[PDB]
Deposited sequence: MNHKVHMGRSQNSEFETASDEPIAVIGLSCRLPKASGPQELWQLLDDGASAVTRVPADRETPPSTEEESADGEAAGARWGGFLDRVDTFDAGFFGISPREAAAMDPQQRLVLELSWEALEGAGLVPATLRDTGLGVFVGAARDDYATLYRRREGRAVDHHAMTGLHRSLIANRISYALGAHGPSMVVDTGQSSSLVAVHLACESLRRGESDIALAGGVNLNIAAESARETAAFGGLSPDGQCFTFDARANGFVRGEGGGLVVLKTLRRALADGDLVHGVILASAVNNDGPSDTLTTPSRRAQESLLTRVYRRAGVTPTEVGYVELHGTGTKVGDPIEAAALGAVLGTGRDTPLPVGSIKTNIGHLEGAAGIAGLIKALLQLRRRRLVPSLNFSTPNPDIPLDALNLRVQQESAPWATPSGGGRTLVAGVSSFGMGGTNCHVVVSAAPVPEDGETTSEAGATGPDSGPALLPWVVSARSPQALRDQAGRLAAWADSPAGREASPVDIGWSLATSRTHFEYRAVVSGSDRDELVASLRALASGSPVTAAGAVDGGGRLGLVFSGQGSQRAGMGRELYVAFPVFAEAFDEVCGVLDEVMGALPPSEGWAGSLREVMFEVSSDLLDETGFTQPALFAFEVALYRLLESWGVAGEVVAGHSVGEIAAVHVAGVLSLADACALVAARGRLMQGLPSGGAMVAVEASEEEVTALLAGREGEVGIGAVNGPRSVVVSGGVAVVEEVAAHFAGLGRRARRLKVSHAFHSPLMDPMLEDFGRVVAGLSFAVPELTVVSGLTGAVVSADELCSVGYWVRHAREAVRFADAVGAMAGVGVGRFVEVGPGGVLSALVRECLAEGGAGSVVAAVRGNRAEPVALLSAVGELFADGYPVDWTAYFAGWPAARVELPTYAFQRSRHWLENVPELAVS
């Protein structure tokens, strides 16, 4: 190919009885006609291809006041809609194009709405009724700096728009291009002007190449293609819908009449454009005609396609015209023709040209070697199509297009709760439809995650099959710094991490690495496979602290690595007792080796202490409990200050039972905690000095995150944190968790996530103050985690959903476009 072939990487279209590409396929393939009488709500030649309506537009979506919407050419309104839908169609997130060199090239040859406005004034009229802003408004809304223009060559405007975009891309003037056109028939005055010309079929049909040929029927609509160089297309890994090899535009020059087309000029345009692409009469699979159905214009266009592509061909050449389905869209005729050919090329199937029975007696189809496509068939032999579009003032354009070279989240967002509902439902319908079933649930979710604006109102639905997700959608249609708090002893439960292991490789890999180290450490000095202990439901081994502490650490670090791989990065971390070892390690203070040495030792040295230990949760203030225990320092102390009326008392089971009895006798809650020992009491004094010797052998680095101490109840710096005195004291004195939550909030934490099993810490964080428990109980682990990272994403946290789909080899696929909240806007 001479010059850089251009990639159609997307498209949109509003056509008669075809609100999108899918519907346009249904219509064309069913061999259906959207030509009707003029709707009663239009003014009134009595025939035409009309949109279901031209008055409705989501002005708010594009930041347009109702009064500006009223004053705006519905052509401007529609092209905005089509622009957004073309980008979404291609997979590009429009915000990423802000300040890029995106070009806008639109064929517009009519200003009907300006006629309605003028035959009946505020600052709005100027921009609303001026044709230039059909392109310019697209450019202003996307914030694009590329060239932005409307072109008027009449009934060839929309294809010439495409040509100027291809050349624009070739010259590097623009990196991406929106091209096509728009034509709305919303004034009788233009209906009467084209009627008086003599161009209109009294029967209201384009009899394209048929012998009934007696004029064209009018149609209205718009189409846009998304254009990138083929090079840049493949590089950026974008859905390639088809490729423009060569575009050309000439003029009739010296025709018989101004309005008569010239056979010479059409041959000269064909010969040139094909030679630039290097395509012979035999390599062209199908030609999408102008084919207006005019007595004069049909034979000339036939004769010209004959001479160039009829000679040098054994088979007849298939020809058709979307003007037989939707009428003559004039300025938008060519982008209509191109968008058909592009669908015929992706589907690899031809569709019928309607209104053909007997051939025109001025068009020998046999001699010229062209056959009119009359049925939906498959397309034989890559596949190559040609598109013609001619203007009455003589300016012809042709384009040569070739075919292209366990638990899932679906994320949905909108600019409005009502849009989000509508967005959810539109995806359910599509997902559960034939066309959505050529796409896997995997592929869909990946496409939802990467290729779609995350608007201000967001939901996540989850499911294991399509039926489950579609069900969740239908149901849906009816911040600060991120703080992590790592769970302590009490939060453990048999099964811990089995369901997360089977589900997520990133958890399983990290869980295997942390268990591999721990199985060596514990295997050497046991209280030997920790995974088997944790994952077995028939086992109470985890209630024994020589297993509980390494188990909580293993589950918490796996979970942290899984969260981190989804972009859920804590900035500030705190831990309840053994929680702090997981927290401190992932803040990079201890290597995995030292962390495993530290936690396993702690587990063991405490495990080997005698019975006679107890802890009780008590509904009382710190000040109350200090008064009740003053003088008993040697037998009992405060194990935890968890809330302002939430402290755990720990020590001799004798004096604990007494304390539990006292607060119950005051009509307070008092729950006996299931634990082997009196943690954070004087009963820990025996193991302390042995614990101090294990930590004195470890290497403490400065943290990569802000650590808040469960001992200090405040932000803890490295010098304190990287000493032996801290970790012995940590093992012995009260967990100041309530105070830790305060210090986190004080330092700017707005979102709190419990990193551990259950929601013990989340409850205590709630009592102290946005709190979510990463893995709440009474539901499968994958469900409870996805739920939790869901709330975070909905509240505005930038979850990296892309990274959730590293496990699978998910491919981008076309999705429904934004469910516009259209409302009526019109003159009075």
Give the ranges of the deposited sequence, numbered from 1, for which the structure holds no C-alpha coordinates, in sequence order. 1-17, 62-76, 153-156, 418-423, 448-467, 541-552, 602-606, 849-854, 914-921
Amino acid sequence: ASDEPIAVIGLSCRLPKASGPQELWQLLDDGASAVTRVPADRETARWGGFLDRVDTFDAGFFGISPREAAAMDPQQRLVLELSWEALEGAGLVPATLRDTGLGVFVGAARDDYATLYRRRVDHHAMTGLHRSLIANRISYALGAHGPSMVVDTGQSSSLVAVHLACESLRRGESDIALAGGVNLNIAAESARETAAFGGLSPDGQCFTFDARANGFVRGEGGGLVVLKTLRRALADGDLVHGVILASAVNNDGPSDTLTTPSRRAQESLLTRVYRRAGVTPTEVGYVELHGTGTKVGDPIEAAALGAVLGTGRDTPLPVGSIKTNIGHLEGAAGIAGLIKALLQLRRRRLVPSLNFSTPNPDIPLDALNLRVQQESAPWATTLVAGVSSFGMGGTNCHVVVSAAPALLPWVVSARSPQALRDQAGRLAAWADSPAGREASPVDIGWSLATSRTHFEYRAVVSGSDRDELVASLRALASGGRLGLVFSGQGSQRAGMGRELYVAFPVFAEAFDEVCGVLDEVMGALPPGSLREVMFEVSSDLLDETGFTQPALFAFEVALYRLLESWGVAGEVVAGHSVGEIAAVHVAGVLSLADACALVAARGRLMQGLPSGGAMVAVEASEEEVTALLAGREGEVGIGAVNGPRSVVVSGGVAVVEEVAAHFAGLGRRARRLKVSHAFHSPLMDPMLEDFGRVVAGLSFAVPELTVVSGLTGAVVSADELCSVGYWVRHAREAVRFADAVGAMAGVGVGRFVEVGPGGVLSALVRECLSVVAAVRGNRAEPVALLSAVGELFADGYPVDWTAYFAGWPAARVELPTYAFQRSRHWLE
From here on, numbers count along this sequence of modelled residues.
Give the stretch, out of 277-285 and 679-687, with the larger mean C-alpha temperature factor in the deposited entry. 277-285
Taking the recorded C-alpha temperature factors, which stretch has the higher mean, 692-700 or 533-541? 533-541
Check the PDB entry and point out which of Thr453, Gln423, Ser139, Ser357 has the largest C-alpha temperature factor. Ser357
Largest Cα B-factor, entry values, listed residues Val121, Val160, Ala109, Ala587: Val121
Third of chain Cα B-factors occupied by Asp55: lowest
Looking at the entry's B-factor column for C-alpha atoms only, identify whether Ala18 ranks in the lowest, middle or highest third of its chain. middle
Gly567, C-alpha B-factor rank within chain (lowest, middle or highest third): lowest
Assert third(CA B-factor, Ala773) within chain per record equals lowest
Taking the entry's C-alpha B-factors for this chain, is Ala806 in the lowest, middle or highest third? highest
